[PDB]
Amino acid sequence: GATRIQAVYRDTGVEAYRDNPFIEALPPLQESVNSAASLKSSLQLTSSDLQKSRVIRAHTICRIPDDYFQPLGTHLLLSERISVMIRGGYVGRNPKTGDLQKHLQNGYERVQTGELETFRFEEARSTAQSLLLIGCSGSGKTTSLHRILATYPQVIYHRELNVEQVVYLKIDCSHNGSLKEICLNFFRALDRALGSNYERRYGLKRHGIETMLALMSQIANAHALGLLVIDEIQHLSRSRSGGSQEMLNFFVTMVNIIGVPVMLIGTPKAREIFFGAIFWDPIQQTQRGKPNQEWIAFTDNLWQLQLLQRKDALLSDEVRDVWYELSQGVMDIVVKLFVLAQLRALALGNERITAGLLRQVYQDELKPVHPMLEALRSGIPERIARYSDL
Amino acid sequence: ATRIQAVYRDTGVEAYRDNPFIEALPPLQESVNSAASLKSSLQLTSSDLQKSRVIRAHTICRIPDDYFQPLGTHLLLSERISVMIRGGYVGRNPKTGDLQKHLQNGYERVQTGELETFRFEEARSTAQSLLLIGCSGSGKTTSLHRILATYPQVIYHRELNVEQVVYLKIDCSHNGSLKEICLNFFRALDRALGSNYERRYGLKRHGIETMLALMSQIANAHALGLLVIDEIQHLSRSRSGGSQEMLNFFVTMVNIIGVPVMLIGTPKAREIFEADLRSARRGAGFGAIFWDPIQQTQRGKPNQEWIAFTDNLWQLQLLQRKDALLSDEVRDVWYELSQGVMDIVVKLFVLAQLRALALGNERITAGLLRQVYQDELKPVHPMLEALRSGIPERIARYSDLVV
Amino acid sequence: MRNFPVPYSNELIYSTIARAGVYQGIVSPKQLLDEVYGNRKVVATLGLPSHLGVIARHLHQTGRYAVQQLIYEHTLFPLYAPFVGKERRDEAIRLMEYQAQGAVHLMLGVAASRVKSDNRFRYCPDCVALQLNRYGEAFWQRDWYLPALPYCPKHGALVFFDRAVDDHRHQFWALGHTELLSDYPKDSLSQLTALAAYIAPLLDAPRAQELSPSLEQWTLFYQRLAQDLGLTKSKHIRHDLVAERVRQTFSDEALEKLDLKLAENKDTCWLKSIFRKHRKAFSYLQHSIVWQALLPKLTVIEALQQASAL
Ligand SMILES: Nc1ncnc2c1ncn2[C@@H]1O[C@H](COP(=O)(O)OP(=O)(O)OP(=O)(O)O)[C@@H](O)[C@H]1O
Ligand SMILES: Nc1ncnc2c1ncn2[C@@H]1O[C@H](COP(=O)(O)OP(=O)(O)O)[C@@H](O)[C@H]1O
Ligand SMILES: [Mg+2]
Ligand SMILES: [Mg+2]
Ligand SMILES: [Zn+2]
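Chains as they are written, first to last, in the entry's author numbering: chain G, 2 to 275, 288 to 403; chain F, 3 to 405; chain X, 1 to 310.
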């Protein structure tokens, strides 16, 4: 399922990161030059593939939404914070000087006695931290976490021990606030990244909820799991009786006592249930009375991917203004609108993008998302309160 | 249900390269010529006039099931389906070469400082989703069954061992239930292949989430291409769960399976998906297609779709005293009593022909059309009259015509 | 099993399997046997285990662990190998790989004595503190589980406690420090501790693998040695000087504790049978007493060298 990378140990420059096999085998901490060049991607746009037929030129232009990424200012901060909380979560879990063997020995009692606060050692602390990500839908919470966590090898294998360190794991919450289906998504996502059978032996034996909350966090320490990511934490709002608080108590006992870092993602509708929090917003055209440099760069880098024969290199201010007007800042809407306009231009035969064409494409093919964009356009808090997720 | 042995082709798109799944599919016909393979007509409607009265009447009632006329809106839908089937395969490339050695070399080079940065394996993002919404009687199922019929369903690959199921069509449940739309998947994968799955994966111990994570393994074990769910309007106001236990179920299902999802529904089902930005973003993932009845005239000139749809249907007549050319008054009466809906055009023509054949007056006239409409087509009167008025909320009293 | 712990330094493989059970929360012994082995009809044995070969396959990715290394360094094999012979040793090594517990015990002498001598768990007060200080865990160790001596080689005495291996025949039990010790005075005999410290280096010695003198070699070696001591009449034993020397070296209470009480009046005795032609391989402990009583200027490895030479 996942490729096992044999570990080679570098020389870290931090006193605390002294002799851990876990954090001296991770890729080196990048710098500001590599915080904005290890994420960039764009379509090739070969000049040989512009004179081809309409069908080829219309199938090769739909790959823009998947293969285009431009790191903004917020991604730098997110990458730095994830790096810190994934490198600092192992110092209290040293496997050399008998510190991880003191975290696995305690966790056997919690499986036996069923209580998640029965320490056997008092000298084994926890050093993990927590993060909370909240932003409007379409802001980029997942596709900018699958390119910032994609520079780490996931399953690593250390042969000095027999440990198979899983650097990061990603699961998502149940469609309701279920109790035994959050501790089963963990197993279903852990045994398809290792090729093992953990779901078929943890859960099929008719266990209670407490035993399945203890076995999950014990097997998350048998493999030195570095970061646990839970997507769509807003699914706990419609929980069962007491599920909206028992799981949020577990998610603060896991980072504080057991020591596994945890990161949570949700739409601003998930602020009601409540952890350092990061808030994301759609790009604003005006920052200090002048057009935003990030927005200008985003637009002028997207405009250089065009398969239309009668393309215009120069981007008009009116075209940019109407693009922002019809998009209202959400990057998903921006990219999708550009792609749809390009496809409709190829279909008609007129191969130059116009403001009128943009408006027609919007009005004809963005019907469901109309009221949310209009609410954000109006900017009245009373209209914003219903939908638009801002 | 018949296995077609794979025959590999080469396509001009660079992003597909050497992909067995993309290259085994039929070649990329242009969308203009993709509406010249849908057309059909009743075979051998000639020299049958002097046959009988009963055979000549049973051979007319096959007009609705053997006549298809492509319109202007059947190009865009066909192109979207063609892009959506093949664009969901580029991530799933099975013929991977040597990845272990390359990744390990990159890791060592970045660890010794020679290579400054390196990118490891990545995870595929959310699957493309489309929502087609049109008033009942416009052909939202006939169009799909005549567009997906050009693609072989089950293709067998020799070098691999995967029976690539190119598409799958299931339907929603009348309860509004969510364990009865995760089980139609197995019951419809059993009628395309030969093996059984409802016996194994269709138990009652497994919850909805577990039934949603076992329809993800058998969704990439066979490289399934599309998943079509029909009549999505049935999920509103179900006794199983609330309105937020399924608006999340679609989000989770789209986020897991990874195969493109197509949803066909009625304008009553728009209100289900226009509830929040998440569901409207995912439902309109690759555009939202909205279908309308044919209008007789556009701007100030007569439409060229209604004329092409009428003047060709008129050439399937089996009355002895057939009229050579169609008259403007007959066309106007047909439009006024039809309103553009497909099933109240072909059926109003077949029924009128049967009436004219039974009465013995072998001619189609406006009065006969009005008589048959007022006599036999009573249940369609109110919504057609509402369309004649055109008032949206008056139409909204009924729950399946465009509002 | 996707993650099998590497054995610590000088450990029994039984403790390794028990810790493997601990590290993943496998409380049920049947589940542990199913996961580690695959069959529910295995016996948890301390000293001369079986089914190694599926244990050495879990550690196969670790290059340094092979079947011979576990057989020699993490099981109590070096205490039987030099004495049994050559063909029996090779057969036993071949049978430790496969799934036969009975044959492995039959091939070896006291393994075929069909009694589990002091099957209760042992531990040493001071050793557990050192292991907690250095490794952070507490494991069973080959030093504690000597075949007949209930004594740690370096410290005084082994503090016993209840429970045993045969109470549950399909369960592996791992020591927890919460039962660290119980403070009650116990004193150990000096010569018995000396015997433990003399026999301990045989465990950690590479030369014990290939030095297994044959039966006629043993009897001829003892015959010439007894002749050199000068206590040997013509094809006869004095039966008095040897008893006097062993009684001076080891007291009566010791010989009671190790279950080799002398019967000089009885013609058949553990000490008497050594002088005569050897019929079957004698236990390591009898040879240890003979060596320490006769000549203390040579170690166990030096004695093995002298026996193997001629
Ligand atoms: N910074 C960005 N640059 C370019 N494209 C982006 C960026 N952020 C997001 N996108 C685009 O947005 C698309 C959809 O957004 P994404 O999947 O990240 O949303 P999300 O945060 O998971 O939403 P939801 O609220 O539904 O969970 C991606 O496929 C990607 O192409
Ligand atoms: N483009 C078309 N040309 C000719 N007949 C059509 C067309 N579209 C639909 N029909 C007719 O409409 C009838 C009903 O279509 P149907 O498959 O029931 O669509 P829906 O399920 O949306 O009502 C069919 O019998 C078909 O003959
Ligand atoms: Mg997401
Ligand atoms: Mg239908
Ligand atoms: Zn000791």
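C-beta: ideal position from N, C-alpha, C; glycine also.
Pick out whichever of the options has its Cα sitting closest to the Cα of residue i.
| i | options | result |
| --- | --- | --- |
| G/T13 | G/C184, G/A26, G/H383 and G/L77 | G/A26 |
| F/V404 | F/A225, F/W336, F/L320 and F/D294 | F/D294 |
| F/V335 | F/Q355, F/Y375, F/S54 and F/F311 | F/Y375 |
| X/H287 | X/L181, X/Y80, X/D187 and X/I71 | X/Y80 |
| G/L162 | G/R207, G/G99 and G/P384 | G/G99 |
| G/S175 | G/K206, G/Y69, G/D377 and G/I234 | G/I234 |
| X/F121 | X/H105, X/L175, X/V110 and X/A194 | X/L175 |
| G/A354 | G/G342, G/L389, G/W316 and G/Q300 | G/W316 |
| X/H105 | X/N39, X/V84, X/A263 and X/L130 | X/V84 |
| F/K270 | F/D50, F/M213 and F/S138 | F/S138 |
| G/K324 | G/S48, G/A17 and G/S238 | G/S48 |
| X/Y222 | X/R88, X/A303, X/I55 and X/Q69 | X/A303 |
| F/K380 | F/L321, F/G302 and F/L350 | F/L350 |
| G/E182 | F/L105, F/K103 and F/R207 | F/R207 |
| X/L260 | X/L285, X/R276 and X/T249 | X/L285 |
Skipping 5 residues on each side, what residues in its chain have a beta carbon closer than 7 Å to that of residue i?
| i | result |
| --- | --- |
| F/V256 | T128, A129, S131, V263 and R284 |
| F/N363 | none |
| F/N95 | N21 |
| F/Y158 | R5, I6, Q7, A8 and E165 |
| G/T254 | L117 |
Is the CB-CB distance between residue i and residue j below 8 Å?
| i | j | result |
| --- | --- | --- |
| X/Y65 | X/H51 | no |
| X/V165 | X/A18 | no |
| F/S179 | F/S240 | yes |
| X/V128 | X/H74 | no |
| F/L228 | F/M344 | no |
| G/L44 | G/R64 | yes |
| F/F252 | F/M217 | no |
| G/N314 | G/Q71 | yes |
| F/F292 | F/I135 | yes |
| G/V382 | F/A286 | yes |
| X/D187 | X/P150 | no |
| X/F139 | X/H58 | no |
| G/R88 | G/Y18 | yes |
| F/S36 | F/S80 | yes |
| X/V22 | G/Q113 | no |
| G/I266 | G/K142 | yes |
Can you tell me whether DSSP reads residue i as helix, strand or coil?
| i | result |
| --- | --- |
| F/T75 | coil |
| X/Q305 | helix |
| G/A310 | helix |
| X/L260 | coil |
| F/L321 | coil |
| X/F121 | coil |
| residue 1 of chain G | Absent from the structure is residue 1 of chain G, since the part of chain G shown begins at 2 and ends at 403. |
| F/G136 | strand |
| F/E165 | strand |
| X/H239 | coil |
| X/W291 | helix |
| G/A360 | helix |
| F/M264 | strand |
| F/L328 | coil |
For ligand 7, any of its heavy atoms closer than 7 Å to the Cβ of residue i?
| i | result |
| --- | --- |
| F/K142 | Looking at this structure, you won't find ligand 7 anywhere; what it does contain is ligand 1, ligand 2, ligand 3, ligand 4 and ligand 5. |
Spatial neighbours of residue i within its chain, please: CB distance less than 8 Å, with the 5 preceding and 5 following residues excluded, ordered by chain position.
| i | result |
| --- | --- |
| F/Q373 | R357 |
I'd like the list of long-range same chain contacts for residue i, defined as Cβ closer than 6 Å, with 5 residues on each side in sequence excluded.
| i | result |
| --- | --- |
| G/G115 | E211 |
| G/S401 | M385, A388 and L389 |
ask   = Any residues whose CB sits closer than 5 Å to a heavy atom of ligand 5? List them in chain order?
value = The set of residues whose C-beta lies within less than 5 Å of a heavy atom of ligand 5 reads, in chain order, X/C124, X/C127, X/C152 and X/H155.
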